[PDB]
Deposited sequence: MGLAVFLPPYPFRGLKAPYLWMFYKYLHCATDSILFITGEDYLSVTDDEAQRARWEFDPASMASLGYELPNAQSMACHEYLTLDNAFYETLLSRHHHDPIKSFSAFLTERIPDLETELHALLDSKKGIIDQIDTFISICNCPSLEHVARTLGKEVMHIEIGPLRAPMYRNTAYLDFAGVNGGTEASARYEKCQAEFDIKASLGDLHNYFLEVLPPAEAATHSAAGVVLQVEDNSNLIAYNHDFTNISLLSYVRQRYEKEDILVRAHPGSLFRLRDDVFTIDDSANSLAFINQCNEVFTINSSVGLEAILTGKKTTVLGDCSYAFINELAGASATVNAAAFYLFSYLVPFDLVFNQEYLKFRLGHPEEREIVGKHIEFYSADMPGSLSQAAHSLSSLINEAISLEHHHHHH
């Protein structure tokens, strides 16, 4: 079966922080799977002092394609629960800074964590052997080390950078790292010679757009700045020490403040005062981007959007799509982006689909991977698969 790691540790101050993926796996489940999680994920469903959370909102539920589990839905599966005192103990080893503790959880081994994991995984006999792969929603070297000892692979799975309703839903699936430490550039390097895509970057973008585009390229700001959620894993671990405020100061070295348009992240706790910069108020990030000559970001999904619409983009942090931007030729960039969208990214629902997971677990050729994504999307060389997908969809 699948071993799904949904750590309960409330680093950002929220209990059961990955509850939406717990509900998505639980909704889509054909076989039993092993949850490695925390008591919180199980009791939130009945605790009334938190039904104002967004994972219980029918608009988020419909958008991610899940319904709330019931007693029978829970009982198909096995559960292993981590405890809190390791969390308390972890905080005190990092000066009671929960954000530094999160950083450590994302980027270093924690021996106590590993022992707890090793203990739960043979808490009952037969558990270990039934495990076909681990799935983790974030990088976790404690788990990756545990997985090596046992001979298990680790699929790192997260919602993608293109999302409904603006786009088809996409998801990440990467054996090395999600967001940080990814293998997207190395997968492309192995197959770049098979890519001869007869489309522009804009045509790639249109294939994935599910809406009429805004499209008012008239009136502009020389520079657009993308802000991110301040304590997102991207901004804690893979940011190269850039923050929202040093990103703005980066931009202000280069442009006067009258030439800068700044878009706060809708999900951030913080908004911009209407004092110094021109604050964007577009209904969506695509219409924000189309108002800017160039775009500056740490590692937000919106940077990919800026690259697919042809904009000069500066990417200051590590991310899965950076390598696309770093290519020289215009054609080289198109081919790298097409591999990215059609083969690195996965149609969102497949990463919760157990047979597609078995497929990826056999490490098939890039042609097979691209042919299975396009089949899902549309419901013979690799280049002609994509070229025709583009040509027919249009």
No C-alpha coordinates means not modelled. Give me those stretches of the deposited sequence in order. 1, 381-390, 406-410
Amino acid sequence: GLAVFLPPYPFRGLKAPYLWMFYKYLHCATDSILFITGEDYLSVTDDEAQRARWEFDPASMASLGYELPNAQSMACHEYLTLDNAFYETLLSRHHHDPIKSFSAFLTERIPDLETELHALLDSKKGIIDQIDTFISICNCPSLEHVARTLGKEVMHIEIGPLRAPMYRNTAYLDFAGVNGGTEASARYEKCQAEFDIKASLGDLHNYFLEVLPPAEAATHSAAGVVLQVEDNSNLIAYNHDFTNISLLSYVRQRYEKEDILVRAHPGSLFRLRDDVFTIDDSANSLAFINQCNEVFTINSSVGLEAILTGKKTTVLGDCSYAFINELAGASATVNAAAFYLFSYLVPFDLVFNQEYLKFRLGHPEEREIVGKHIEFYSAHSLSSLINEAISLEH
From here on, numbers count along this sequence of modelled residues.
As stated in the PDB record, which stretch has the larger average Cα B-factor, 245-253 or 206-214? 206-214
Looking at the entry, does 276-284 or 179-187 show the higher mean C-alpha B-factor? 276-284
Peak C-alpha temperature factor (PDB record), options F86, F296, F105, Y172: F86
Out of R168, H145, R271, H240, which one has a C-alpha B factor higher than all the others in the entry? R271
Where does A164 sit by CA temperature factor within its chain: lowest, middle or highest third? lowest
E305's Cα B-factor: lowest, middle or highest third of the chain? lowest
By the record's CA B-factor, is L350 among the lowest, middle or highest third of residues in the chain? middle
Should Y41 be placed in the lowest, middle or highest third of its chain by the C-alpha B factor in the entry? highest
Chain-wide C-alpha B factor ranking for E114, given as lowest, middle or highest third: middle
